[PDB]
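Numbered from 1 within each chain, the chains take letters A, B, ... in sequence-line order.
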Amino acid sequence: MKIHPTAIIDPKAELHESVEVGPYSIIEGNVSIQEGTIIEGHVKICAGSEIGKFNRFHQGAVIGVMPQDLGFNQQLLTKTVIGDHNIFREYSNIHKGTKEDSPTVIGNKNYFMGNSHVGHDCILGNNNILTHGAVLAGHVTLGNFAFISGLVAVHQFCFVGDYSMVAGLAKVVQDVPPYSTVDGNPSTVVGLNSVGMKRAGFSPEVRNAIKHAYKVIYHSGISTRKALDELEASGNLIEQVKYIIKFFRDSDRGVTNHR
Amino acid sequence: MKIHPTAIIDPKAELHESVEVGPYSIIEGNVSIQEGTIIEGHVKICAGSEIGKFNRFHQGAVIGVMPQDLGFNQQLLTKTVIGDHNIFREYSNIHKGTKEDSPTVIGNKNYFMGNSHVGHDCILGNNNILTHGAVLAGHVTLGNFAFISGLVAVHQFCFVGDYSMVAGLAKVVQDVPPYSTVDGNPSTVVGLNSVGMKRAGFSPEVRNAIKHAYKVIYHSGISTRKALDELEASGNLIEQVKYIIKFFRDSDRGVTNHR
Amino acid sequence: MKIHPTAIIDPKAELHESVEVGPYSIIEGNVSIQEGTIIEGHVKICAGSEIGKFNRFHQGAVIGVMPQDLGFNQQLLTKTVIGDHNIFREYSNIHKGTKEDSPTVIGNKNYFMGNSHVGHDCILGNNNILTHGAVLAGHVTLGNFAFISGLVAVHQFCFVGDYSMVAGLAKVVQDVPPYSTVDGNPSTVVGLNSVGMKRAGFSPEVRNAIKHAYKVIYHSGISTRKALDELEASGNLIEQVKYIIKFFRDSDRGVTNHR
Ligand SMILES: CCCCCCCCC[C@@H](O)CC(=O)SCCNC(=O)CCNC(=O)[C@H](O)C(C)(C)COP(=O)(O)OC
Ligand SMILES: CCCCCCCCC[C@@H](O)CC(=O)SCCNC(=O)CCNC(=O)[C@H](O)C(C)(C)COP(=O)(O)OC
Ligand SMILES: CCCCCCCCC[C@@H](O)CC(=O)SCCNC(=O)CCNC(=O)[C@H](O)C(C)(C)COP(=O)(O)OC
């Protein structure tokens, strides 16, 4: 495949022969890019970038740029780890990590819309969608199949659970629980993300069991600590409900207030 | 006029001889650009772009980029239709349509501020202002002389009426009625856009007749369905009030809740 | 130091010999850039730019672009004034002023994060932080050490006091008082910015004296006009409290509503 004449690629960058690089794009040293990845014009791939297979980088996307962190030492060799089949739209912005053993990690099949931003040391699983203009602070963690709507800001050190929805313009300051929808400023858990669960093809029995868990947690007139104890003492739970309980117990900032 | 040496323009692109194209801009095939249009550096004009007279494209503006739509077939020849005397500011982002007979349409004398975004299949009339960082989802419709403030997000399939105002950071999930101001998250109709009507030079009689319509609709202790019936049964209405009634009746998502 | 072969720099631009300019960056005439400033690729520096020492301009940053002001005459020679040790992150956007004697002014040691925007005729002191995606309208004034969080919009003609915090996604329509935190849509003064005061190393006595002032202003069941009179009649005040009183008295739009 074809690399454009005007593209500036460091001799040490390692690119599979199938990789395409468009006009006026800049690829630095200490970069690896695997099979079938396409890079369009004015794209910047910074030192430390490890890029998987069949990714796309649309015009002006910047990958592995310096952390927006005043205390970060810019002489450090830090990394951005990107999996397979990811789409980075125009002027999307991905920051590298802040320590050697602490990269920014993106899994597979994620979609980063135009102008979207991933801060230093974020960790992101698979099949997530970052909508236009949305910003993740440093150290934000996404699971799999999370949907972040347009112009959302997510506070540092928050966790976004599997199959969750964050609505347009929501200000997220605490965790987004799995299978749930969060909305507003101040943001609240509005309810279940039934749209995400149905599209995923969760059985009605699994959907009802997730419903039951959150009924106990949020709709039974009892504290969250008592609620989680109640669910464990109820019997053999499905993996999804086990996951809800763990997500609540392991929370660093706490879970977003329910509406 | 003058096209910059380093600009990459497909031989099949049709540009009036007066068209200026700045440094490192990229113009693809299947593009037409009419008289007096100026394109500055690092601008991208994609296949399908039909561009009228005396437009300006500021640095890094991207026109007719692929829809941010997971199901869209990227082999399809879809279009972006732009009228005359439009201003696209820096890194503004306009997406092409999703079907052959369904283009993204922009009329005349519109202003798209830096970082503003127009999603796939939007339809936009004349003299509208899209302020810095504002995002329209796919299938958003603007009339004429609408003002969208900074960092607003407009939900897909909403209609924004003539001479309306959307305030900074408003989250719009339903229609913005004509001559009105919408604000907040959740957003509400706050009242009339008297500033927009006065600048437009609506007579005091027309302004009062628009006032009366919305008095009946929103300030008379009656449902919106009853209100619209009341207005029709009142006598020969002015065009503007006829338009208000039609806008309410034809709404797909409904009209934003009143404050 | 080194200017990249493909960089387009007007012969009349005045650059200290230490200035570095990266690939495909564009520097116009009527520009001055002092010692130790580094410009990376795809950066645009427009006519009127006065740039101090040891600044950094990250990829795609645009400096001194035309005001987003419909009435502004584009034939006018207006200016952007930038001090020392400022960091402009990727695709950050700074607009020049609207009159000869009215430049956009940036002091020293400020941080403009990716996609951040400074509107025409803004005035900014020292050590301020403009977080990712945040937008200042035209004629916004920042003091020193103000922190504007991600995706904030600040209304034109507002003043942001020293050592203040504006939270993520806040819609600012009135002044942000010094030493205070503002949050929400609609935004309110939530309380003191103790984090900013402690990091600054304000003595406990100064912090308590700032606390006392705002106790009188906001927490004593009296109007703001009566409150300011009370504070003046109390005795010899510290500079910081004198500043609070002046900031309230000289306000053009008024000070943001307290929570
Ligand atoms: C509401 C969160 C908005 C997220 C903005 C994402 C912009 C992308 C910036 C990243 O590329 C680098 C950073 O990560 S720069 C840190 C940005 N974070 C803030 O601007 C929030 C206030 N910043 C703060 O320092 C913490 O938010 C506070 C400690 C002030 C909140 O207090 P708290 O943790 O007790 O929560 C109630
Ligand atoms: C509040 C709207 C925020 C608008 C964000 C504009 C970003 C630009 C994206 C476009 O370049 C491509 C799309 O058009 S991608 C669809 C983006 N829209 C959303 O992120 C809203 C939630 N997304 C949804 O799927 C619908 O908003 C819901 C069906 C979830 C809401 O339910 P609902 O229709 O019953 O309304 C109460
Ligand atoms: C809530 C403020 C949001 C700030 C958006 C910043 C985007 C950057 C645009 C600048 O690069 C050029 C301008 O400065 S373009 C003016 C942008 N300002 C607005 O969109 C606010 C509504 N615009 C207005 O005209 C005034 O906000 C109103 C007079 C309508 C409010 O009325 P008001 O002053 O009585 O306040 C209650």
Could you tell me which residues satisfy side-chain contact (heavy atoms from CB on, under 4.5 Å) with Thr141(B), sequence neighbours excluded, listed by chain and number?
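Checked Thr141(B) against side-chain contact (heavy atoms from CB on, under 4.5 Å); matches are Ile123(B), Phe159(B).
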Chain B contact via [X] - which portion, at a heavy-atom distance below 4.5 Å:
{"X": "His95(C)", "result": "side chain"}
{"X": "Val62(C)", "result": "side chain"}
{"X": "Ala137(C)", "result": "neither"}

Under 3.5 Å side-chain donor-acceptor pair for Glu90(B) and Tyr91(C):
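Looking only at side-chain atoms, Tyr91(C) and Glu90(B) do not form any donor-acceptor pair under 3.5 Å.
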Do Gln34(B) and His16(B) have a side chain donor and acceptor closer than 3.5 Å?
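Short answer, no.
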Who among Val173(C), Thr6(C), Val152(C) has the most heavy-atom pairs with chain B under 4.5 Å?
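Heavy-atom pair counts peak at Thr6(C).
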Any idea which of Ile129(B), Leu169(B), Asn185(B) has the most non-hydrogen atom pairs under 4.5 angstrom with chain C?
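The option with the most such pairs is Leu169(B).
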Before accepting this row, confirm whether a basic side-chain N of the pair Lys99(C)/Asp121(C) lies closer than 4.0 Å to the acidic partner's carboxylate O.
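Salt bridge: no.
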Please check this pair: side chain of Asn55(B) against backbone of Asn86(B), looking for a donor-acceptor N/O pair closer than 3.5 Å.
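Here the side-chain-to-backbone pair exists.
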